[PDB]
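What follows is one chain in structure tokens, specifically the form deposited in one PDB entry.
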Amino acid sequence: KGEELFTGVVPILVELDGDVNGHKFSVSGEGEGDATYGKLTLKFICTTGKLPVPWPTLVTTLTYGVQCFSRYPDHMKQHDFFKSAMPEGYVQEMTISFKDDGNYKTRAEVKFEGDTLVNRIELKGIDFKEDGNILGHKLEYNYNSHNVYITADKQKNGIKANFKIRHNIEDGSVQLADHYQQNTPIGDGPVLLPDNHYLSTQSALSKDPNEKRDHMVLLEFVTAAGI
């Protein structure tokens, strides 16, 4: 049972390579997860310089590979695909469609490296508008709460998820980002295929006052429900 790897605090490393409309960038993340409380504390740094898209547009890319840190109440533990795939892990893919603008396509490999949970990601963004809300940096530095709806994909011995993120524009409007996600196990062992349910996520974005590099400090809670 992979769930046994998550009874305490687990260190996390996130590494992302991106290209959006030919702007290339990399982000490195460090922090920890405590699934007992559905709690993620992470600090992300753009190692190539300035991030060419707003930080909030990368939150699902940078964290949805660590949905293994969701708190599954005991009565629903037989629905926790994510932990059950550990330690060998899973491949997560996402298509993120920004209404009236471009899209992101991501691939991540999520697994243990020793006692550390690692998220290795590639992002490709295309057909963004030069001064739309994303390349024009018109998004506020904040993050609304929302749910991730999960369904089983028995075919792939995995799960799918669908959800809408509403990013706050600086003028009071909303920039919608439709998400379609699929996860497939990397290993051979059996995994838990869940009944339909969702993850309730809440996120606070902040800055480290002594950090001069372009960065994002993130506190996130993720809790399974719907059953």
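When you see a residue number, it is the position in the sequence shown, counting from 1.
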query	finding
Mean temperature factor over C-alpha atoms, higher-scoring stretch between 36-44 and 163-171	163-171
Segment of higher mean CA temperature factor, 186-194 or 60-68	186-194
Residue with highest C-alpha B-factor in the PDB entry, from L199, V53, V27, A177	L199
Identity of residue with top Cα B-factor, from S145, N142, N119, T95	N119
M76 - Cα temperature factor, lowest/middle/highest third of chain	lowest
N103 - which third its CA temperature factor falls in, relative to the rest of the chain	lowest
Position of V222 among the chain's modelled residues by C-alpha B-factor, lowest, middle or highest third	middle
Third assignment of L135 from its chain's C-alpha B-factors	middle
Third of chain Cα B-factors occupied by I126	lowest
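There is another form of the same protein, the form solved in complex with a partner chain; it is not shown, and what comes next is about it.
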{"property": "Any non-hydrogen atom of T57 within 4.5 angstroms of the partner chain in the deposited complex", "result": "no"}
{"property": "4.5 Å heavy atom contact, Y143 and the partner chain in the deposited complex", "result": "yes"}
